[PDB]
Amino acid sequence: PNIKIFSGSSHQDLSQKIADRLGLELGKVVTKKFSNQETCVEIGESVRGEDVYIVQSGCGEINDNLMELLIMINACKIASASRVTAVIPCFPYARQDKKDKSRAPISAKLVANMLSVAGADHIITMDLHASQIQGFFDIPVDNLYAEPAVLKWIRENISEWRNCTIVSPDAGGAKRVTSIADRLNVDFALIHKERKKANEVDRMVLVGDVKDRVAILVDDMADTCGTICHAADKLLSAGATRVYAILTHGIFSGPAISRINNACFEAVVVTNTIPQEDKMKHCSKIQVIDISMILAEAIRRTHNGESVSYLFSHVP
Amino acid sequence: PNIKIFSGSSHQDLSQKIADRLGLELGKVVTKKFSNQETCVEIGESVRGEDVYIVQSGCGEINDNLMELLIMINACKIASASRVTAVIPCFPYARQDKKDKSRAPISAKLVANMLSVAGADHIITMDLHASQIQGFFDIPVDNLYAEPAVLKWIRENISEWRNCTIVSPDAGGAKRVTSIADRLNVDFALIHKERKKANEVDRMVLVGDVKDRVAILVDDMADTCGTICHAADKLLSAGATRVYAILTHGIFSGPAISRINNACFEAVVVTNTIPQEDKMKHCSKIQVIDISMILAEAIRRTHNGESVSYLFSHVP
Amino acid sequence: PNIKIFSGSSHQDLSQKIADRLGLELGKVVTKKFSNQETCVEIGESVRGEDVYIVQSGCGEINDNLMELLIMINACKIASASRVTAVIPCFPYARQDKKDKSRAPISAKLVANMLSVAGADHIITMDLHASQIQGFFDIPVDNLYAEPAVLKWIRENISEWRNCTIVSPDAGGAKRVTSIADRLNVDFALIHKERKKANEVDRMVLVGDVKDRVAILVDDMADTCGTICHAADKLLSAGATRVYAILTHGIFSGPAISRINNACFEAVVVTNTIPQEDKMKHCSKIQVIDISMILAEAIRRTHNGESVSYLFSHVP
Amino acid sequence: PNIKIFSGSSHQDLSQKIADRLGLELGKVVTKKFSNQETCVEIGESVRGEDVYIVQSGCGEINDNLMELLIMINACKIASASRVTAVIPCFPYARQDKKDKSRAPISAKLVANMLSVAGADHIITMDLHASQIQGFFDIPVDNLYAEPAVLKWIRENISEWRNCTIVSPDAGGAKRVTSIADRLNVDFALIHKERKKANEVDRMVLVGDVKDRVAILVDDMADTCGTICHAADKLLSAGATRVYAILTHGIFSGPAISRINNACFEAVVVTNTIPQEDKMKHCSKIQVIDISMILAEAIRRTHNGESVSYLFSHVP
Amino acid sequence: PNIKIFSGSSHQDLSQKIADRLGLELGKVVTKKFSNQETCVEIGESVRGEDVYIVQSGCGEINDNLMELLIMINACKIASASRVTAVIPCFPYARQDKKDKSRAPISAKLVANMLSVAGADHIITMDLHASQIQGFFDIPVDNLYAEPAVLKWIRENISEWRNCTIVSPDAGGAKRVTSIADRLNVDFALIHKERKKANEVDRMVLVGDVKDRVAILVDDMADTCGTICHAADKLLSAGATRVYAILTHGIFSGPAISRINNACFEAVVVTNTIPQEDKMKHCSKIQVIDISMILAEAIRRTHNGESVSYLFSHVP
Ligand SMILES: Nc1ncnc2c1ncn2[C@@H]1O[C@H](COP(=O)(O)OP(=O)(O)O)[C@@H](O)[C@H]1O
Ligand SMILES: Nc1ncnc2c1ncn2[C@@H]1O[C@H](COP(=O)(O)OP(=O)(O)O)[C@@H](O)[C@H]1O
Ligand SMILES: Nc1ncnc2c1ncn2[C@@H]1O[C@H](COP(=O)(O)OP(=O)(O)O)[C@@H](O)[C@H]1O
Ligand SMILES: Nc1ncnc2c1ncn2[C@@H]1O[C@H](COP(=O)(O)OP(=O)(O)O)[C@@H](O)[C@H]1O
Ligand SMILES: Nc1ncnc2c1ncn2[C@@H]1O[C@H](COP(=O)(O)OP(=O)(O)O)[C@@H](O)[C@H]1O
Ligand SMILES: Nc1ncnc2c1ncn2[C@@H]1O[C@H](COP(=O)(O)OP(=O)(O)O)[C@@H](O)[C@H]1O
Ligand SMILES: Nc1ncnc2c1ncn2[C@@H]1O[C@H](COP(=O)(O)OP(=O)(O)O)[C@@H](O)[C@H]1O
Ligand SMILES: Nc1ncnc2c1ncn2[C@@H]1O[C@H](COP(=O)(O)OP(=O)(O)O)[C@@H](O)[C@H]1O
Ligand SMILES: Nc1ncnc2c1ncn2[C@@H]1O[C@H](COP(=O)(O)OP(=O)(O)O)[C@@H](O)[C@H]1O
Ligand SMILES: Nc1ncnc2c1ncn2[C@@H]1O[C@H](COP(=O)(O)OP(=O)(O)O)[C@@H](O)[C@H]1O
Ligand SMILES: O=P(O)(O)OC[C@H]1O[C@H](O)[C@H](O)[C@@H]1O
Ligand SMILES: O=P(O)(O)OC[C@H]1O[C@H](O)[C@H](O)[C@@H]1O
Ligand SMILES: O=P(O)(O)OC[C@H]1O[C@H](O)[C@H](O)[C@@H]1O
Ligand SMILES: O=P(O)(O)OC[C@H]1O[C@H](O)[C@H](O)[C@@H]1O
Ligand SMILES: O=P(O)(O)OC[C@H]1O[C@H](O)[C@H](O)[C@@H]1O
Ligand SMILES: [Mg+2]
Ligand SMILES: [Mg+2]
Ligand SMILES: [Mg+2]
Ligand SMILES: [Mg+2]
Ligand SMILES: [Mg+2]
Ligand SMILES: [Mg+2]
Ligand SMILES: [Mg+2]
Ligand SMILES: [Mg+2]
Ligand SMILES: [Mg+2]
Ligand SMILES: [Mg+2]
């Protein structure tokens, strides 16, 4: 079997980068819409007995892209592909990973079941919002970390990183922030927005010392940037000299760009798990860490039957 | 269909309390071992068209108890029970909820699959180590909270609770601690044991102020009590006046009892999701919050087709 | 794909013998218990695209070992093994193969379903208590016979084997005894313990002539040795000169060792599907037929895509 | 839900007897063949929310009848029946219950899987050739015994039954014969046809004493009657005064009728799990035990959610 | 893996032709009936790791043949075949492809489910009665067309084919007839038998002009030939000079041979998806298009991982 890399409509630049790093051309696919807005998928080459990797991030037109991915997976399976792997850099519906409300769906589990029934044999993803999403499948799920790339960026772009403090913008980010602070041998802090019992002012509590130090906000994603912007205001109010925000998934939906442009961030750093070209044109603060080499190495090692553990300590 | 409550060998006192609160006698079951240590299950009454609830905590002889539960579920299903619900107050293998190591099993997902294939239609559990374990099943999973009972105990047993600080013993407990601190309108702190890069001394970092205040350690479980004991030493070293530990699952395996007896805890508070009678005989610091009323109300509402949302704000 | 042989905690000497006969080292696995007695499995090498064989007998801590086997199977499957085969020399819960009582579980079927959901693709076992257990799976199940090794032992160790009579200790062993008697061209007899209608003395009926002849008791297993010991008393009372007992699974649980030491057996012969080192130290009558060559040949032929029919007529 | 009894083409007289004992009319079904010999099933009434019981024995045109049963089960399921139960008095392919030959199918398991995928929720059958066939399903399987009816017939029709010996025609029938002999408090014997190593004369070995006593051959089925006829010749050669044959499934295929007419049987007794009207017209020795009351009681108790254990000790 | 071609009892001449075109001998299989008319399948060689193709048409003893095919598929799967493909030239129960009546089964879906549960990994068939039957499976289904062979026969055997009109015998054949007429650049007509509201005379309506032209009836199958015979009478009554009938599946059950012999057909042309040797002996009008080369090429390309699209434009 040979590696066949197919791109959905979501992140075709990332698919191209992965294919170039693998020394391959992208597989021939026409991914369009019928007139009635139904997804049209036209695989333009044989995938018989091939090791098919479909790159599709959960971003942009989320349901459009997920349906595109499912249809492409099913087409490859019925076309007798040896193995179909869904490379989903940003897993859609990952934040709907539990039922903590009455009648609430576990949409991440539904997406996992849909991918399984479409015929996916393997999932490659980066920085799942909850790592337990790996357990939502009965197939192997690669949950790659952007943490080595984040550490590289911090050590190369922040002069006073050895005296910095890594800040969690919410309680759920504590593990990620503590891991990064341990790897950098720096202090960490946590910011919590307390629960909205009524319609008074949202107030943020900070635990840890950030006074007269550079604060690096690290989180898994910035959708509306309410979390990171509120954390940034709190950090400046607490005496932080400079505030950075580093995310792996830059969704930047809704008012995020205006929020960041009016915030105090020295830089907002995201990976290219989601296309950022449009976002960077309206926000100069955004910088992008390319993770295409990580995904390409993961695909290559999956095809060659080699461990991907190397990707959790080094940036290829 | 009628409620049939069956007890495994793990926590029969809790099963009795649930049955009494439901105004029922426990179903007739003989749960023993064959000579070769294979689990022997002898259901002593018809469950045809009945709503069967099997109470079995993940504690004691873990694999023995889980096999007992699976065999009882399968026997009830083949005996044409209308519905089989596994009441698992402490979910076994819940800490193995992700693959963050090479070749690591997701044992929680395997346990969920085993329960599903045994024929469970419903799971009732308390304070899952990861709430995403709800997504490991395709059946409804009730993840009950001991938090209302914990808040009741704090308000009734700690005189200075309004000036206390709720402390997370690790980074993963941050959400639970922030929720409790919000409900009590008190400060919170977090304690992190940094990663063991080599064989030097384990050192703990505390973020937040606990000086001259009562510190309440809140966590989901205390297995060996290394986490809570190390956190307690750190809290006293940081100037805490008194230190409490409140858990929902008191496993207290291995050296936990000696650790607690030699620690500085004012009280170690656990629920009775795991039997504590033996533990209390060797550690006077342990106190037990009865959660049998919560489980009984959950079972009764499940049988009657009523919401269990009331259990997340009140202790019945 | 390459053969990877992994040992559970149950029978590691047999796993070592199989690996030596295959010219391989055992795969690196740490199979221990967490403090709370949950099974801990740490596969120490890649199994990507490998043909994994996990050796785990149903013996000793039965539920412990079965959970170990299931966790190891699931870990290998999620670790992208090409194929996972469970080598289970003595199938656990094999005697619970039917529902002939109200509410009785079919525990063998539950174990088969658990192995299937863990991800086993192939089962290799020896002398299933019921051969229909092969039908409990939807995957191929190799039910190897110890009969050629038993015939070899009889012809090499019993001088008057041509005038012996092979005796079934119960009605269920009749097929095995008739097959062995046909292969040896000798007489056979059957012993039946009639059903316990009340609390009077257990009485045994013998059909067939054993007077002044060597009697060989052949059965699939000896758990408590009540069956073989009662049959031995009956055979001596019926005029048998010498009495042998040949089993394939020597469980020897409970009072079996004292029963055998106080019985009249010339020799109790078992295979090493279950470890016998401890049993032989307390009972000199026990002798062991090594079947590691049969299992090793079965594994080798399974890997090479060759028939295992040769194993049913010859001992390699 | 109401009981709906539907008859296949196999045994419509038995279906009528069951319906009369249940005080019901048979459900309206047209079960014919299309011109190209495809099975045509036309259910003539609504089964929405009904408790559907389909009576179809494995006899006559075996594959025709099994396909008829599967199509009727699937039609009832798609027609929104509350529950579909397959009443299969003689389970087809039951003798293909294991893989003891290279490349041999387990046809009983395939039939079970086909019934499961057709949508059967419950199986009611009589005297499975192997009771482990219950484990071939994941649904409840009722394996009713004709033994109480057989004991009733023996006590009412054989004057010297207290001095009789119950004879197994092969090694596999030993459990059934020992159970019957225990219930009658009589002796038992076993007859074995040794394996055909070459083309010499088939010779039968008898263990047990039948001289000058009435011999009752008891087996689960008589297909070609080679087993019972050879056993009858052996029993007469051994000095039996009279020889009876009692089966639960009278298949009587091929040369069975001529074999019985030329045999020495006092009577050949079968149940009506298979239609016997044609067989009795050509063989006066055949007598029929009606088991329609057992099946009707089983269906009624299944519908009413009552235990069928009463059917294993009494004939209703 | 190597191609292994196994023949069922249905169409062994076609299997032989396929094997010869593949340069192979048919796999050793004994496909007979037990005495009680149960299907007996004895695969006479190893299929371990082999690419197994089982040829079995839906014809003759339909349920017999389908059960034979299912048993052979399951035997090959349990015998550890690498892949099992069911080559079903005429799909049985294909006309039962929808539920347009109360309580009607979808027998085609049931057959698909039975093939899936037997373990088929791939289906190769010719001219499905409904192409949507491909969607009844979750495995790849090759729906080969006899249309190129039909066009070849028309261009080589009908001198005035350029002035002919291709006639649909019913409304459902319109797509097939329009496709053929487009490929031949000829006119088309449609014949409809209006619905039987009462017991008056069946009357046929013809849309299109067939006067003084050769009419070619093209349909997917001729079971009883009522459709084609009635269409032929209508076509002659409408002024057609000569009438041909071309089918891909010649079932010719029941009165079809007498109907054709008394009809006005110049020739009745069928493929050999169903054996026609017996039919041709009683009807000189029947001619056979060999499609064994199409099936052999499909099998060869499936084994070699090559597209079968070439088969839809050319006859190999
Ligand atoms: N795509 C989404 N965008 C915004 N909010 C979401 C989205 N999906 C889910 N949510 C909401 O956010 C919740 C998850 O919140 P999160 O901050 O991820 O962690 P936690 O629920 O543990 O506090 C969900 O329960 C739901 O109410
Ligand atoms: N150091 C690590 N940190 C986090 N996750 C890891 C780590 N090592 C492995 N994993 C997880 O395990 C998966 C597979 O691990 P890997 O080492 O590539 O080999 P194997 O597939 O045999 O386990 C990765 O995709 C990742 O999800
Ligand atoms: N029963 C157990 N007892 C002790 N350690 C366990 C147990 N089950 C799993 N573990 C280990 O603990 C890890 C889980 O650690 P935990 O403190 O729950 O959270 P995190 O892994 O997110 O830091 C597992 O990956 C495994 O290495
Ligand atoms: N306030 C809450 N906090 C956390 N989990 C909740 C809450 N309300 C509901 N749940 C979860 O939802 C499950 C079922 O919710 P419930 O309100 O009883 O009704 P429904 O089953 O219709 O959703 C509970 O068992 C629990 O797991
Ligand atoms: N591990 C076990 N040890 C002892 N008895 C067992 C065990 N498992 C099941 N049993 C009991 O033994 C019965 C099986 O008996 P056995 O001698 O194997 O054959 P039979 O039931 O056909 O007479 C089961 O139905 C159950 O009552
Ligand atoms: N002579 C035999 N006696 C009993 N079982 C047998 C015999 N031959 C084969 N089997 C069964 O069939 C299985 C597989 O058979 P084998 O001859 O190795 O080839 P295949 O897998 O192609 O059938 C064996 O593992 C065993 O369970
Ligand atoms: N319908 C049938 N009619 C005749 N023989 C059959 C039938 N089905 C299977 N067989 C054969 O008989 C064998 C089963 O033999 P049986 O007497 O029931 O018990 P055992 O195989 O345990 O000696 C099968 O393995 C097969 O070879
Ligand atoms: N005495 C018995 N002998 C044999 N099989 C029995 C006996 N009692 C029950 N069974 C089996 O168990 C099945 C169901 O048992 P039953 O007593 O009716 O209640 P339940 O379904 O709750 O187990 C029966 O259909 C039969 O297969
Ligand atoms: N093997 C068969 N032989 C004859 N008629 C059949 C067969 N299978 C199904 N039928 C009947 O024919 C119907 C299908 O008719 P057909 O001419 O194929 O198309 P349509 O139903 O779309 O008009 C089925 O609904 C059923 O009533
Ligand atoms: N021109 C066509 N007309 C009709 N069906 C087609 C055509 N091309 C392909 N198919 C269908 O697609 C199946 C597989 O197509 P093929 O071109 O062989 O490659 P792939 O399997 O990769 O799709 C065929 O078996 C057939 O059912
Ligand atoms: O749009 P925002 O909610 O600010 O950003 C997404 C956040 O929501 C979730 O907690 C994620 O972990 C992030 O912290
Ligand atoms: O025995 P210990 O590890 O101290 O207690 C169990 C802890 O391990 C996990 O993090 C749980 O969340 C607890 O904090
Ligand atoms: O401990 P024991 O019951 O004596 O030995 C196990 C027996 O139980 C079952 O019948 C097995 O076939 C053996 O004959
Ligand atoms: O036609 P026959 O083989 O004589 O009768 C069927 C027999 O085959 C099987 O062993 C059944 O248990 C019966 O004893
Ligand atoms: O026996 P006949 O019904 O005439 O031939 C079979 C027909 O029935 C279905 O419509 C097929 O498409 C054919 O047109
Ligand atoms: Mg979250
Ligand atoms: Mg967050
Ligand atoms: Mg954890
Ligand atoms: Mg923790
Ligand atoms: Mg048994
Ligand atoms: Mg026995
Ligand atoms: Mg048998
Ligand atoms: Mg028999
Ligand atoms: Mg149609
Ligand atoms: Mg038609």
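Quick note on labels: first sequence line is chain A, next is B, and so on, each numbered from 1. Atoms considered below: every heavy atom in the structure, side chains included; atoms not considered: hydrogens, waters and symmetry mates.
- Side chains of D/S10 and D/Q56: a donor-acceptor N/O pair is present below 3.5 angstrom, by distance only.
- Checked by atom type, the side-chain pair D/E68/D/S9 shows a donor-acceptor distance below 3.5 Å.
- With respect to E/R95 and E/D223, a salt bridge is recorded, a charged nitrogen being found less than 4.0 Å from a carboxylate O.
- A 4.5 Å side-chain heavy-atom check between E/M221 and E/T248 finds every atom pair outside the cut-off.
- The distance from atom CG of D/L69 to atom OG of D/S57, rounded to the nearest 0.5 Å, is 10.5 Å.
- Here the closest non-hydrogen pair linking D/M114 and E/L70 is CE-CD1, 4.0 Å.
- To the nearest 0.5 Å, the span separating CD1 on E/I251 from CD on E/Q276 amounts to 9.5 Å.
- Proximity of E/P148 to E/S313: side-chain heavy atoms (C-beta onward) are nowhere separated by under 4.5 Å.
- Using a 3.5 Å distance cut-off with no hydrogens or angles, the side chains of E/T273 and E/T271 do pair a donor with an acceptor.
- Ion pairing of E/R183 with E/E147 is present here, as a side-chain N (NZ or NE/NH1/NH2) and a carboxylate O approach within less than 4.0 Å.
- Put simply, the side chain of E/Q134 gets close to the backbone of E/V141: a donor and an acceptor are under 3.5 Å apart.
- Distance alone, capped at 3.5 Å, is enough to place a donor-acceptor pair between the E/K285 side chain and the E/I260 backbone.
- Distance check: E/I294 CD1 to E/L144 CG gives 7.5 Å after rounding to the nearest 0.5 Å.
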Contacts under 3.5 angstrom, residues 207-217 of chain E side chains, donor-acceptor by atom type, not counting sequence neighbours:
residue	atom	partner	partner atom	Å
E/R213	NH1	E/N163	O	3.4
E/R213	NH2	E/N163	O	3.1
E/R213	NH2	E/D187	OD2	2.8

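- When the side chain to side chain donor-acceptor pair (under 3.5 Å) test is applied to E/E277, no partner is found at least two apart in sequence or on another chain.
- Counting heavy atoms from C-beta outward, E/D220 and E/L247 have side chains that stay 4.5 Å or more apart.
- At a threshold of 4.5 Å between non-hydrogen side-chain atoms, the residues E/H11 and E/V55 do not count as touching.
- In this structure, the side chains of E/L26 and E/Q16 come closer than 4.5 Å at one or more pairs of heavy atoms.
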Would you sort out whether D/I78 and E/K99 count as a side-chain contact (heavy atoms from CB on, under 4.5 Å), showing the intermediate values? CA-CA 9 Å; D/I78 298 305; E/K99 177 168 183 198; 3.8 Å; yes

Return all side-chain donor-acceptor pairs below 3.5 angstrom for residues 119-126 of chain E, not counting sequence neighbours, or 'none' if the list is empty.
residue	atom	partner	partner atom	Å
E/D121	OD2	E/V84	N	2.9
E/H122	NE2	E/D142	OD2	2.8
E/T125	OG1	E/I88	O	2.6

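- A donor-acceptor distance shorter than 3.5 angstrom exists from the side chain of E/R301 to the backbone of E/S307, with no hydrogens or angles considered.
- For residues 161-218 of chain E, no pair satisfies ring pair (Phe, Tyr, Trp, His ring centres under 6.0 Å), with sequence neighbours left out.
- Taking each heavy atom of E/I62 and E/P92 in turn, the nearest pair found is CG2-CB, 4.2 Å.
- D/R48 places no side-chain N or O within 3.5 Å of a backbone atom of D/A79 that could act as its donor or acceptor partner.
- Rounding to the nearest 0.5 Å places OG1 of E/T227 at 7.5 Å from CE of E/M204.
- Counting only residues at least two apart or on different chains, no ring pair (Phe, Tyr, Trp, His ring centres under 6.0 Å) pair has a member in residues 218-265 of chain E.
- Within the 4.5 Å cutoff, the side chain of E/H303 has heavy atoms near those of the E/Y53 side chain.
- Looking only at side-chain heavy atoms (C-beta outward), D/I54 and D/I73 come within less than 4.5 Å of each other.
- With a 6.0 Å radius and a threshold of 12 heavy atoms from other residues, nucleotides or ligands, E/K175 has its NZ atom at or below the threshold.
- Note that CG of E/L151 is 11.0 Å distant from CD of E/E156, once rounded to the nearest 0.5 Å.
- Considering every non-hydrogen atom in both E/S292 and E/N272, the closest pair reads N-OD1, 4.0 Å.
- Within 6.0 Å of atom CG in E/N262, more than 12 heavy atoms from other residues, nucleotides or ligands are found, so the atom counts as buried in its surroundings.
- Residues D/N63 and D/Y93 bring a donor and an acceptor atom of their side chains to less than 3.5 Å of each other.
- Although no hydrogens or angles enter the test, the distance criterion places a donor-acceptor pair under 3.5 Å between the side chain of E/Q96 and the main chain of E/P105.
- Annotation: salt bridge (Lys or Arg N to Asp or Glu O under 4.0 Å) contacts involving residues 305-316 of chain E, sequence neighbours excluded, are absent.
- A salt bridge links D/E45 to D/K4: one of the charged nitrogens lies within less than 4.0 Å of a carboxylate oxygen.
- When all heavy atoms are compared, the tightest approach of E/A112 to E/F91 is N-CZ, 4.4 Å.
- With E/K196 contributing its side chain and E/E200 its backbone, the two residues share a donor-acceptor pair below 3.5 Å.
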Would you check, one step at a time, whether the test side-chain contact (heavy atoms from CB on, under 4.5 Å) holds for E/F6 with E/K28?
CA-CA 7 Å; E/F6 289 100; E/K28 301 178 234 144; 5.6 Å; no

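- At distances below 3.5 Å, not a single donor-acceptor pair connects side-chain atoms of E/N65 with backbone N or O atoms of E/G8.
- Here the closest non-hydrogen pair linking E/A130 and E/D97 is CB-OD2, 3.2 Å.
- Between D/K33 and D/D64 there is a salt bridge, since a side-chain N of the basic residue sits under 4.0 Å from a carboxylate O of the acidic one.
- No option in E/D182, E/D127, E/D170 other than E/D127 meets the salt bridge (charged side-chain N to carboxylate O under 4.0 Å, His left out) test with E/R176.
- What you find for D/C76 and D/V47 is that their closest heavy atoms are O-CG2, 3.9 Å.
- Under the 4.0 Å criterion applied to side-chain N and carboxylate O atoms, E/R203 and E/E194 are assigned as salt-bridge partners.
- Atom CG of E/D138 sits in a sparse spot, with 12 or fewer heavy atoms from other residues, nucleotides or ligands closer than 6.0 Å.
- Around atom CG of A/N36, more than 12 heavy atoms belonging to other residues, nucleotides or ligands sit under 6.0 Å away.
- Surrounding NZ of D/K32 are more than 12 heavy atoms belonging to other residues, nucleotides or ligands, all under 6.0 Å away.
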- Query: Would E/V167 and E/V177 count as a side-chain contact (heavy atoms from CB on, under 4.5 Å) if you check the C-alpha gap in whole Å, the side-chain angles of each, and the deciding distance to 0.1 Å?
  - Reply: CA-CA 6 Å; E/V167 189; E/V177 201; 5.6 Å; no

Test E/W153 against E/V150 for side-chain contact (heavy atoms from CB on, under 4.5 Å), laying out the working first.
CA-CA 5 Å; E/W153 192 95; E/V150 168; 5.7 Å; no

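- Here the OG atom belonging to E/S102 is positioned 11.0 Å from the CD1 atom belonging to D/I43, to the nearest 0.5 angstrom.
- Residue-environment remark: CZ (E/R242) exceeds the threshold of 12 foreign heavy atoms within 6.0 Å.
- Within a 6.0 Å radius of CD in E/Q12, no more than 12 heavy atoms belonging to other residues, nucleotides or ligands are found.
- Using a 4.5 Å heavy-atom threshold, the side chains of E/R103 and D/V29 count as separate.
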